[PDB]
């Protein structure tokens, strides 16, 4: 059982970097294996180019406030959709090499990606885009446990 909160820290309509911020909480009674957890951010690439994802910072925060830095365990891959919509033709899929999300604990991921030539994106035609000053409950981003959708609405 999971709860996903999210926001984009870069609100510029035209920009050369998209900054997705994820906060995933294990609201269940049993621990979660992060290597089985994947997250997706849907958008339109606006000119297909190879892209790169970077995790500025990621950490597992326990229910008692314990801090475990896992920045280098977060990986990002770009998937071109086999069936697209007018505001979603590509998605960034976030994965973890390992780690355990214990009951009540949560993981914060401060992400960022860009095209390899640093050309612009347009964020107003991106399905998952959500400008906010903090993590909000947003269902236009999805989460999966072993390939099964457990949060959000796919486009």
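Residue numbers count along the first chain shown, from 1.
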Would you tell me which stretch averages the higher CA B-factor in the PDB entry, 23-31 or 105-113? 23-31
Ranked by mean Cα B-factor in the entry, 51-59 and 32-40, top stretch is 32-40
Residue of maximum C-alpha B factor among 120, 128, 68, 123, per deposited coordinates: 68
Select one of 145, 136, 141, 18: the residue whose C-alpha shows the highest B-factor in the crystal structure entry. 145
